[PDB]
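Here is how names work: the chains are called A, B, and so on, in the same order as the sequence lines, proteins then strands, and each is numbered from 1.
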Amino acid sequence: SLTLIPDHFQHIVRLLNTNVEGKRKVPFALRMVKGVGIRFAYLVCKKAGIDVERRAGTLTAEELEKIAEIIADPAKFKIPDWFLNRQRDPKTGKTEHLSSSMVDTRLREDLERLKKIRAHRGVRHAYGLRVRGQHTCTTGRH
Amino acid sequence: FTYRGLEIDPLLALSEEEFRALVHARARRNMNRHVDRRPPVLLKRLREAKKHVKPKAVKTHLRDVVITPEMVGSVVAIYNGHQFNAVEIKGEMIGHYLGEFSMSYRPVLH
Amino acid sequence: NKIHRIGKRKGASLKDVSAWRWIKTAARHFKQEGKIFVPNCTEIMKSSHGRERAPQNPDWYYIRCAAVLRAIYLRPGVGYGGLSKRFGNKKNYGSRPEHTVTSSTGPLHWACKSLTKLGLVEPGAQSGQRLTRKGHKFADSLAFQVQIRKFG
Amino acid sequence: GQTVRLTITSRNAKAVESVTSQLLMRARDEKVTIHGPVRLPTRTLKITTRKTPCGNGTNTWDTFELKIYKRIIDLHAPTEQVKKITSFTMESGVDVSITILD
Amino acid sequence: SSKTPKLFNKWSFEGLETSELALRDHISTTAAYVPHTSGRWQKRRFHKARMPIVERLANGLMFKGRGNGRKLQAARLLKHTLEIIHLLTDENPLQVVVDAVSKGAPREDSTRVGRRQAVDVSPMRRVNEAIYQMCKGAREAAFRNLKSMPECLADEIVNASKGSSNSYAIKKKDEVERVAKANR
Amino acid sequence: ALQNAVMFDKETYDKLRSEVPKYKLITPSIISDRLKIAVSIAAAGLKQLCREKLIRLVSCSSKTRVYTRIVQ
Amino acid sequence: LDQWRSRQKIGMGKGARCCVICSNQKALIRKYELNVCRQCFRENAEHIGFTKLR
RNA sequence: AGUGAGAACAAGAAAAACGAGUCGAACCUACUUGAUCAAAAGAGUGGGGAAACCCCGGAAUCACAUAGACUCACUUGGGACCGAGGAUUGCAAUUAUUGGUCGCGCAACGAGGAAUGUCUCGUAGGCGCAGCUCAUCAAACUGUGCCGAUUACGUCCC
RNA sequence: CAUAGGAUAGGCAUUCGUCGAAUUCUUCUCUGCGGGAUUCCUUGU
Ligand SMILES: [Mg+2]
Ligand SMILES: [Mg+2]
């Protein structure tokens, strides 16, 4: 951005237990953590006051600690309720938004919930089969 | 156990207008489209077997019924299409149709 | 000497200048004034469900509703739905063929609602939206500015 | 004037002109000050089915068409003078329709 | 006041001639205000030799499904190509193109007529295959490259104009002629 | 591989203001492999040299911008 | 008991519709609200008035 | 991600029923609203029996000196897979009907072996749009327009 | 005479839910029948 590189520019920064390529732009490297994506990483850069032009390795430690609590607790920052991943959360009831290690954790807890009871959508994951209304005659091929 | 942040004792209490606000969107649409529609006799004969003592297995063809907390603890024998599959309604089954618990096919083994 | 009168012609209007030069200066006029009412939803939302990510220009609600103000100057009587055909997209469905989608008339409703509060749009006699006489004054005076290159 | 519009619609191209030119040649005898017969656009109607009743063969098709011919005439006569212009035994398959404008 | 068109209001057609006197009828040097003309050059057999040579570069760019029908793009994409060719060569770029077309295709070739006999190449095909092999190869250069298409197209035209072997066409122009010389 | 830098070092920005105005036919892809910087910097580095009048803008479009040295 | 044609009483489906000539409910032409079966139409296109021009 | 210019073919509501021999409602639609705040909706109010209303039919390719982001990476390419809200069609959505929202994207795929199909000018290819199936659902087919070439104008080799 | 600002026509300046009045028109539009193309003309096979 016609500005010189800083002395502290990490090529890989680590946020939410995830390696993040600091050579990228700031939202598009902030989508590398699970649960974020492009449409939400522009809201983390907007609520943190981070310019979207800057590269992700120039984010200092006080800027990365502000990002990680926008992602862990987004409803305190008026990111709206419809924007979140886990909104009505059966067996909890509360709206959440799942971070890096938590997306894959509660995904396994949802596939175990539907397999404890013998619900058909949990029986499809036990056999490895397709879950939605796909035909799976000519296109599985795994 | 818990369903949408309520145990089985708050679940039973809850009104049918407030339970409709609790469930997911397909279940609450089924409930709004059966507000004045003379409920199925599966629900009536389900509590007539509950009073005695698992209770007796009541048989049905109904598979588009949403499981309510009033159905919890009652064995339903759901018809897949050629037999009756005996399924005890545990508390984690709230909101799911009865057809999700009796497969109408066998998993294929080659 | 690029700015001068051509012969006997003495003034400008819309369709006598560039369309982007008008919309960019009208967007520039709205935020420099400050009397615009930008809604709080324009930070969070997306211009249509056919767009796949957020408009990524922080002045996008100023560039929209200046394009819309130009789109009442041409086609008076245009409603929200006729504007949705103007700003619609070709949506990317995944492995299926792309189909045209018209834009969300929500932001087009806010865009006309902001321009009414400026006084630049009137709600029309029987049809949708009409440019007030102050808006004809605004659209042409700003368009004379962009030919004499006073973009601000 | 009352400005009655007669709508001549038909499926035959040779019967719609043999009514309209006959209907116009009646309405010159009373000096009615007509507005001339306009030819509204002919609407063709496509049903493109398969040819086969079975399923096989080369998948051949055949498009069927049906054109509707459409004429209107505006005349300023009163409502029982236009029934004098209208009353004559026409060809079969030509519909005439009396309408009063405003 | 017929101000005798340049090409993009910049590049004149006044000085064009051809080094190859074999190829003078088939390289057309008539003037245009843009490459795009939308005429029917394909009805008669040799009529596409009367099409202007700067248009025929724009037609050669419209390949591979991502380019079929994008002539207004190829006119734009050639607008920046001809300006880069002026910066590399410090010459009239249209003369650089006519010098590139004249050197771009092999004078001789080999086909089976009965063995694999060496056969002469008509002047029409030598204008076709020069345009074809320069649009090709500049297309393959820029396929996963940092370089833009108006640079890779501008590099093939320059190196073929000089007769350098760095051009894609001149590697194949010399491969075909030596195979034709051995298949005599 | 082709590992390009994503911001200027102080050494290579001094290459931008000295060697690049001496080139003929400057484009943001010519600068990207001569100076080993991404084109998003190389195009940004050349817009800076036009407003200082060190290089000339000879051809401009929305995507492709071709620059040349100024001869004076 | 008169449950007798209770599914055919409600008329929403492909079974409620029918070829008006030929009594079949497979492949009917419903364009222009014509409601003739595909095969039973080509026998009757000339009397309805359709002629194959092209 | 913006912004501009801007097509043609077309479709569109009902019965010896239920309601006020005449008229209504079923169909498509603009426009307002919802809106002191996401889409998707949900509502009012007009109009149209269709050259009369949709409609100055604001299609998408394209375009742009947009001084817009990316910069050669399995990457802001690709969007398969599936998780969680929500809303509409239906008498009924489970073996997700469909749309929309945020996730996932670490699913191959970097231009494709032997083989193989179609095509000679407004054509191929690209691009969308209607109609038809249709309560709800087009990667289909029948039509229509838009952008618009390469090559040959030959031969009996297969 | 854009923050850096190129290329490109020029008697009575121009623009139009402005939901204006008038008063003359068929250039484009629609379309029932009809013209037009025939190797017709020209100079090698
Ligand atoms: Mg119908
Ligand atoms: Mg292989």
Inset, instruction - Please look at the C1'-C2'-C3'-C4' dihedral of H/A51 and say whether its sugar is north or south. - result: south
Legend entry - Short side-chain N/O contact to H/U33 OP1/OP2 from C/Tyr80, under 4.0 Å: yes
Legend entry - Below 4.0 Å: OP1/OP2 of H/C91 and any side-chain N or O of G/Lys9: no
Inset, instruction - Would you please confirm or rule out a distance under 4.0 Å between OP1 or OP2 of I/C1 and any side-chain N or O of C/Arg149? - result: no
Inset, instruction - Report yes if a side-chain nitrogen or oxygen of C/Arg9 is closer than 4.0 Å to either non-bridging phosphate oxygen (OP1 or OP2) of I/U14; otherwise report no. - result: no
Inset, instruction - Output yes when at least one side-chain N/O atom of F/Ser62 is less than 4.0 Å from OP1 or OP2 of H/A65, else no. - result: yes
Inset, instruction - Kindly point out which of H/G83, H/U32, H/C81 is positioned nearest to the side chain of A/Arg86? - result: H/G83
Inset, instruction - State whether C/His99 places a side-chain N or O below 4.0 Å from either non-bridging phosphate oxygen (OP1 or OP2) of H/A60. - result: no
Legend entry - Side chain F/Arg65, main chain F/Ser61, donor-acceptor under 3.5 Å: yes
Inset, instruction - Categorise the sugar of H/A135 by the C1'-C2'-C3'-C4' dihedral sign as either north or south. - result: north
Inset, instruction - Just read off the sign of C1'-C2'-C3'-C4' for H/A65 and name the pucker, north if positive, south if negative. - result: south
Legend entry - First of B/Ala25 and D/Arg39 reached from the 5' end of RNA chain H, by closest nucleotide: D/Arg39
Inset, instruction - Would you indicate what C/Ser104 reaches in the nucleic acid, counting non-hydrogen atoms under 4.0 angstrom: base, sugar-phosphate, or nothing? - result: sugar-phosphate
Legend entry - Listed nucleotide nearest any side-chain atom of C/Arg53, set H/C64, H/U76, I/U14: H/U76
Inset, instruction - State the syn/anti category of I/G17 according to its glycosidic angle, syn meaning within 90° of 0. - result: syn
Legend entry - A/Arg132 side chain near H/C81 phosphate (N/O to OP1/OP2, under 4.0 Å): no
Inset, instruction - Select from D/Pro41 and E/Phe143 the residue whose nearest nucleotide in RNA chain H is closer to the 5' end of that strand. - result: D/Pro41
Legend entry - Residue met sooner reading RNA chain I from 5', once F/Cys60 and C/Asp16 are mapped to nucleotides: F/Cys60
Inset, instruction - Would you tell me if any nitrogen or oxygen in the side chain of E/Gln42 comes within less than 4.0 Å of OP1 or OP2 on H/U120? - result: no
Inset, instruction - Please work out if C/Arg5 contacts a base, only the sugar-phosphate, or nothing of the nucleic acid, heavy-atom cut-off 4.0 Å. - result: nothing
Legend entry - Closest-nucleotide 5' rank along RNA chain I - winner of D/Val16 and F/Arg51: F/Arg51
Inset, instruction - For C/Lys2, report the nucleic acid contact type (base, sugar-phosphate, nothing); a contact means any heavy atom under 4.0 Å. - result: base
Inset, instruction - Measure centre to centre between the rings of A/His97 and A/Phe83, then say whether the value is under 6.0 Å. - result: no
Inset, instruction - Scan C/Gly88 against the nucleic acid and name what it touches under 4.0 Å (heavy atoms): base, sugar-phosphate only, or nothing. - result: sugar-phosphate
Legend entry - Ring pucker hemisphere for I/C12, per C1'-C2'-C3'-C4' torsion: north
Legend entry - Sugar conformation, H/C37 - torsion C1'-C2'-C3'-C4' sign: south
Inset, instruction - Check every strand shown and say whether C/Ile23 touches a base, only sugar-phosphate, or nothing at a heavy-atom separation below 4.0 Å. - result: sugar-phosphate
Inset, instruction - Classify the nucleic acid contact of A/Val33 as base, sugar-phosphate or nothing, counting any heavy atom under 4.0 Å across all strands shown. - result: sugar-phosphate
Inset, instruction - Report yes if at least one side-chain N or O of C/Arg70 is closer than 4.0 Å to OP1 or OP2 of H/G58; otherwise report no. - result: no
Inset, instruction - For E/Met51, report the nucleic acid contact type (base, sugar-phosphate, nothing); a contact means any heavy atom under 4.0 Å. - result: sugar-phosphate
